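Report on the structure given below.
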Amino acid sequence: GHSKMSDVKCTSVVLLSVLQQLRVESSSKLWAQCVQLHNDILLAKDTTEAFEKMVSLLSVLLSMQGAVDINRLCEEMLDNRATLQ
C-alpha cells in the first residue's frame, strides 16, 4: 500500500495495551495504524511534524473504540524525540 512494512512487529506495549484494552483486530489496519506510527514519531522529519502524527491517532482510535491509556504512548515517544533535539 504505502511503500512497505513500516515495522509492524508490536514494538512497545504502550500502544498495544491500549488496543487490546478494547477489541483490536490484527487483521484490520487499525492495529498497525498505532504500532507503526509510534516509530514514525522518532523517525519523523523534526519535532513538530512528529507529534503532528500522534495527535492524529488518539482521535481516530477513541472515536472507534474509546480507549483510556492513549496519552501514555504520546508522552513517551514525544519525550524520546525531544531528547534528540
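Observations on the structure shown:
- Pairwise FRET efficiency - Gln85 versus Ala32, Cβ, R0 = 25 Å, nearest 0.05: 0.40
- Across the chain, Cα pairs under 8 Å and at least six residues apart give a relative contact order of 32 percent.
- Kirkwood estimate for region 1-40, i.e. one over the average of 1/r between Cα atoms, Å: 10.4 Å
- Here each label is just a point 7 Å from Cα along the line to Cβ, and for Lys4 and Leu43 those points are 0.9 nm apart.
- Each stretch of four or more DSSP H residues adds -39500 (n - 2.57); spread over every residue of the chain, this sum gives -14500 deg cm²/dmol at 222 nm.
- Spherically averaged projected area of region 17-85 from its Cα convex hull (nm²): 4.3 nm²
Heads up, the Cβs are rebuilt from the backbone with ideal geometry, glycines too, and the neighbour counts pull from every protein chain shown. Quick note: the coordinates plus some simple rules give every number you see, no bench work behind them.
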